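Below is one structure, written out as structure tokens; comments come after it.
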Amino acid sequence: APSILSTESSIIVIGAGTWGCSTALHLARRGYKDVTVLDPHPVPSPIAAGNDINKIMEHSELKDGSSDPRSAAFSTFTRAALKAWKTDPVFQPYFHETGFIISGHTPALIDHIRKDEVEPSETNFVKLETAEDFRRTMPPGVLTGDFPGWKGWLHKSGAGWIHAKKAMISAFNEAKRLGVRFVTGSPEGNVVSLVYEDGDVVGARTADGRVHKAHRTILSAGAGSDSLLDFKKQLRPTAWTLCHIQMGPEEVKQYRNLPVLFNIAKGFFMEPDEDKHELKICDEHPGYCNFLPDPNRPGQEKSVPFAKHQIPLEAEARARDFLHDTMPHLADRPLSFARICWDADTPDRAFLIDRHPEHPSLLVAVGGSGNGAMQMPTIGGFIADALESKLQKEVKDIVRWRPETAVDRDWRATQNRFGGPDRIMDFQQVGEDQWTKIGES
Ligand SMILES: Cc1cc2nc3c(=O)[nH]c(=O)nc-3n(C[C@H](O)[C@H](O)[C@H](O)COP(=O)(O)OP(=O)(O)OC[C@H]3O[C@@H](n4cnc5c(N)ncnc54)[C@H](O)[C@@H]3O)c2cc1C
């Protein structure tokens, strides 16, 4: 069916985000001379989930008998990612191997962590039983709370945080230096449709009415991808919430080299950024969707993203609850920034990276499922491998096109997340006056 693939083949990548920039870089390194990346926004896109001052990176090797094929595939992805965060000149400056603490504050949450995360892992964890145990994982003055009911485990090596925003910019800069062409801005990079001829994809149409033709088209537009192809319910666009506190110029100096602290039913925080000294808190919960009528499925819903630099008041309150337990000296500080951030979950929260069975010139690379950002250095290599029909066996069948898994999908499934109301929430039920008002009157 499709044209024969070579490095002279014209390629279009839809979406210059986390995975799109990685893909552009890897295709350039592999000697693909004719690559064009389309995005409605210039890098770093304000709607990219990767456009964040930090994200968590973690890699765990799994014991024999404690893996299933899905978790083994995940460890294959993170193994490669870890190696590259420590080595690849484009990414290495942006990885901080400070460690990672996973915790919960009820016996049920703590048991879940023990069974799913700790017992299966070859990692040698340090157990944290008391408030003092938690506080001693960071410099004096940083963790001050009583951690009521908390127990957790510290993973020192092979985990930490990444400066996702700077690493994405780094990848973009290097892909463009190596000759990739970026068309970024609206309407010129805002893709509204895939373009088909003879039952295959021949490129993309942007909002200005231009048709961009290529021999292969890669769809890597994060949550926005769901509007450009019928994924047969394989994607659920879903939002999480983040806010920032501005640290002062003396107090900030203690907050350095910090392991990530994560309570699976409350949230996490990462150390203040180097440029604005802003400390980011994510309140953990199963996610917000924005459920509107599915234009192609009568009587059914489909979640549609929208951008906003505020968060619901209830999400701010959850963030402050996390701070009260951990850093109560910060819990009443004004927010300096907040936003909603969109990803898309597959039914099993494995990635979806495959050639389309009906349209072989289309490659989809979607379904970050809440753990795509840590894949940045290497995900473009896996995506390029799939383009070249050689995605490795340890991942190919896990991340395949799999519409059978999403028949009668329950959009309100909590998909192994916890916190907040312990249910999927709907932005259509959030009042207009129910948001933070940062920077307003
Ligand atoms: C709050 C939050 C915290 C997270 N924490 C972590 C973490 O700690 N570690 C981790 O690994 N992952 C984390 N994730 C998940 C991670 O951010 C995502 O899985 C990953 O960034 C997704 O990458 P992507 O390239 O698929 O999407 P994105 O990075 O969102 O990029 C998508 C791009 O597509 C572009 N686009 C959209 N519409 C179109 C269109 N019509 N035409 C062309 N281009 C388009 C966008 O402008 C954007 O640049 C988190 C996500 C959220 C929301």
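Chain identifiers are assigned as A, B, and so on, following the order in which chains appear in the structure tokens; residues are numbered from 1 within each chain, and ligands are numbered from 1 in order of appearance.
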
field: Every residue of segment 339-394 of chain A that DSSP places in helix (DSSP H, G or I), as a list in words
entry: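 Selecting the helix (DSSP H, G or I) positions of segment 339-394 of chain A gives residues 373, 374, 375, 376, 377, 378, 379, 380, 381, 382, 383, 384, 385, 386, 387, 393 and 394 of chain A.
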
At a cut-off of 6 Å around ligand 1, and using only C-alpha atoms and all ligand atoms, what residues come up? Please write them as a PDB file with C-alpha atoms, in the first residue's frame.
```
ATOM      1  CA  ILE A  14       1.391  16.683  14.173  1.00  0.00           C
ATOM      2  CA  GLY A  15       2.134  18.173  17.594  1.00  0.00           C
ATOM      3  CA  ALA A  16       5.425  19.782  18.722  1.00  0.00           C
ATOM      4  CA  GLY A  17       5.013  18.729  22.369  1.00  0.00           C
ATOM      5  CA  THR A  18       6.745  16.190  24.592  1.00  0.00           C
ATOM      6  CA  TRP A  19       6.611  13.337  22.122  1.00  0.00           C
ATOM      7  CA  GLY A  20       6.561  15.372  18.913  1.00  0.00           C
ATOM      8  CA  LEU A  38       2.912  21.344  12.854  1.00  0.00           C
ATOM      9  CA  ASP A  39       1.523  22.909  16.077  1.00  0.00           C
ATOM     10  CA  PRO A  40      -1.003  25.611  16.823  1.00  0.00           C
ATOM     11  CA  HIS A  41       1.456  27.151  19.255  1.00  0.00           C
ATOM     12  CA  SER A  45       3.145  25.218  23.705  1.00  0.00           C
ATOM     13  CA  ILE A  47      -1.229  23.486  26.199  1.00  0.00           C
ATOM     14  CA  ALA A  48       1.553  20.867  26.120  1.00  0.00           C
ATOM     15  CA  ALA A  49       1.442  18.636  29.204  1.00  0.00           C
ATOM     16  CA  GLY A  50       5.246  18.640  28.901  1.00  0.00           C
ATOM     17  CA  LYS A  55       7.920  16.287  36.202  1.00  0.00           C
ATOM     18  CA  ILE A  56       8.731  13.029  37.997  1.00  0.00           C
ATOM     19  CA  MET A  57      11.156  10.506  36.481  1.00  0.00           C
ATOM     20  CA  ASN A 190      -3.353  24.332  13.761  1.00  0.00           C
ATOM     21  CA  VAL A 191      -4.308  20.984  12.226  1.00  0.00           C
ATOM     22  CA  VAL A 192      -8.082  20.579  11.792  1.00  0.00           C
ATOM     23  CA  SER A 220       1.512  13.093  18.361  1.00  0.00           C
ATOM     24  CA  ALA A 221      -0.784  15.835  19.496  1.00  0.00           C
ATOM     25  CA  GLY A 222      -1.351  14.671  23.096  1.00  0.00           C
ATOM     26  CA  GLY A 224      -5.823  17.149  21.215  1.00  0.00           C
ATOM     27  CA  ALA A 239      -6.928  16.926  33.209  1.00  0.00           C
ATOM     28  CA  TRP A 240      -4.898  17.367  36.328  1.00  0.00           C
ATOM     29  CA  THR A 241      -4.221  20.459  38.357  1.00  0.00           C
ATOM     30  CA  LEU A 242      -1.060  22.282  39.446  1.00  0.00           C
ATOM     31  CA  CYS A 341      -2.953  20.300  32.282  1.00  0.00           C
ATOM     32  CA  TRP A 342      -4.288  17.691  29.849  1.00  0.00           C
ATOM     33  CA  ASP A 343      -3.162  14.194  28.944  1.00  0.00           C
ATOM     34  CA  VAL A 366      -0.521   9.036  21.862  1.00  0.00           C
ATOM     35  CA  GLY A 368       0.776   9.254  27.641  1.00  0.00           C
ATOM     36  CA  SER A 369      -1.618   8.126  30.378  1.00  0.00           C
ATOM     37  CA  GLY A 370       0.051  10.297  33.031  1.00  0.00           C
ATOM     38  CA  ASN A 371       3.615   9.028  32.575  1.00  0.00           C
ATOM     39  CA  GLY A 372       4.695  10.288  29.200  1.00  0.00           C
ATOM     40  CA  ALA A 373       6.922  13.195  30.211  1.00  0.00           C
ATOM     41  CA  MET A 374       9.686  11.092  31.752  1.00  0.00           C
TER      42      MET A 374
END
```

task: Give the answer as one residue: which of A:234, A:375, A:361, A:36 has the shortest atom-to-atom distance to residue 388 of chain A, using only C-alpha atoms?
output: A:361

Each segment 61-87 of chain A residue no farther than 10 Å from segment 152-171 of chain A, nearest pair in Å, only C-alpha atoms, as CSV:
```
residue,atom,partner,partner_atom,distance
A:61,CA,A:158,CA,9.8
A:78,CA,A:158,CA,9.6
A:79,CA,A:158,CA,9.1
A:82,CA,A:158,CA,6.9
A:83,CA,A:158,CA,9.3
A:85,CA,A:162,CA,8.6
A:86,CA,A:158,CA,9.8
```

message: What's the separation between atom CA of residue 407 of chain A and atom CA of residue 235 of chain A, in Å to one decimal place?
response: 11.7 Å

Test item: residues at most 8 Å from segment 129-136 of chain A, only C-alpha atoms, excluding those fewer than 6 positions along its chain, as a PDB file with N, CA, C and O atoms, in the first residue's frame:
```
ATOM      1  N   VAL A 142      12.636  22.443  55.510  1.00  0.00           N
ATOM      2  CA  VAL A 142      11.818  22.147  54.330  1.00  0.00           C
ATOM      3  C   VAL A 142      10.531  21.403  54.736  1.00  0.00           C
ATOM      4  O   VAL A 142       9.441  21.939  54.650  1.00  0.00           O
ATOM      5  N   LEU A 143      10.683  20.215  55.304  1.00  0.00           N
ATOM      6  CA  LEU A 143       9.529  19.442  55.773  1.00  0.00           C
ATOM      7  C   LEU A 143       9.374  19.684  57.263  1.00  0.00           C
ATOM      8  O   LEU A 143      10.297  19.432  58.046  1.00  0.00           O
ATOM      9  N   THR A 144       8.223  20.202  57.649  1.00  0.00           N
ATOM     10  CA  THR A 144       7.991  20.656  59.006  1.00  0.00           C
ATOM     11  C   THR A 144       6.738  20.013  59.602  1.00  0.00           C
ATOM     12  O   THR A 144       6.382  20.268  60.753  1.00  0.00           O
ATOM     13  N   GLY A 145       5.991  19.282  58.786  1.00  0.00           N
ATOM     14  CA  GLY A 145       4.683  18.769  59.232  1.00  0.00           C
ATOM     15  C   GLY A 145       4.730  17.520  60.079  1.00  0.00           C
ATOM     16  O   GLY A 145       5.790  16.953  60.377  1.00  0.00           O
ATOM     17  N   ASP A 146       3.536  17.084  60.480  1.00  0.00           N
ATOM     18  CA  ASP A 146       3.365  15.946  61.326  1.00  0.00           C
ATOM     19  C   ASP A 146       3.002  14.668  60.569  1.00  0.00           C
ATOM     20  O   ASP A 146       2.941  13.618  61.179  1.00  0.00           O
ATOM     21  N   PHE A 147       2.770  14.764  59.257  1.00  0.00           N
ATOM     22  CA  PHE A 147       2.557  13.591  58.400  1.00  0.00           C
ATOM     23  C   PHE A 147       1.563  12.578  59.005  1.00  0.00           C
ATOM     24  O   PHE A 147       1.916  11.383  59.176  1.00  0.00           O
ATOM     25  N   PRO A 148       0.366  13.065  59.405  1.00  0.00           N
ATOM     26  CA  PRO A 148      -0.487  12.221  60.251  1.00  0.00           C
ATOM     27  C   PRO A 148      -1.014  10.989  59.522  1.00  0.00           C
ATOM     28  O   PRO A 148      -1.704  11.112  58.510  1.00  0.00           O
ATOM     29  N   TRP A 150       0.840   8.972  57.798  1.00  0.00           N
ATOM     30  CA  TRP A 150       1.625   8.679  56.605  1.00  0.00           C
ATOM     31  C   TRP A 150       2.637   7.562  56.884  1.00  0.00           C
ATOM     32  O   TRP A 150       3.348   7.576  57.910  1.00  0.00           O
ATOM     33  N   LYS A 151       2.766   6.668  55.911  1.00  0.00           N
ATOM     34  CA  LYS A 151       3.916   5.760  55.807  1.00  0.00           C
ATOM     35  C   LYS A 151       4.315   5.718  54.362  1.00  0.00           C
ATOM     36  O   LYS A 151       3.513   5.949  53.486  1.00  0.00           O
ATOM     37  N   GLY A 152       5.595   5.493  54.101  1.00  0.00           N
ATOM     38  CA  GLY A 152       6.043   5.474  52.740  1.00  0.00           C
ATOM     39  C   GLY A 152       7.434   4.908  52.583  1.00  0.00           C
ATOM     40  O   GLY A 152       7.953   4.258  53.484  1.00  0.00           O
TER      41      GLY A 152
END
```

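Note that atom CA of residue 290 of chain A and atom CA of residue 321 of chain A are 24.9 Å apart.
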
- prompt: Which one is closest to residue 67 of chain A: A:348, A:251, A:117, A:174? Count only C-alpha atoms.
  reply: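 Among the listed residues, A:117 lies closest to residue 67 of chain A.
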
- prompt: Between A:180, A:279, A:313, A:101, which is the closest to residue 31 of chain A once you count only C-alpha atoms?
  reply: A:180
